[PDB]
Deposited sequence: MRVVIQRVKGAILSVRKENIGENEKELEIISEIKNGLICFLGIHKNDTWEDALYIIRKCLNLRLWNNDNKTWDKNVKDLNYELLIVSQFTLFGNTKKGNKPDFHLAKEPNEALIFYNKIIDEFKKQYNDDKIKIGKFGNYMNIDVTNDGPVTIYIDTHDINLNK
């Protein structure tokens, strides 16, 4: 499983154009889901997202995590992360989980996100649909995790 975590002042997610999602300060989380992810993969992700320490605090660095600062999370599904760029300039996304069944997985993950923090503080995007998101990158801080490194 694959996540890009970008630290943000805020985020505003939009479909076709309308704002349906918003966080002010927090993390944006681009979530790619391999065809062979097991629930465990989804735990590791959920965990680190909440748990990683991407904020300095009062003369200390990399110290407080989302939860601590009472900050939100914008979870967007992103298969393009299994974009394969070793064939050629066109990317084949084979290695990503099939949308109809990936959608189940996402939702599970989104529920468990809430149970692992505070439902009031987890936002999402429309799975199927094309999205336009305005991001304020704070720093910025980009962090990559491929759960298949365990």
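The chain's deposited sequence has unresolved stretches at 17-26, 161-164, with no C-alpha coordinates there.
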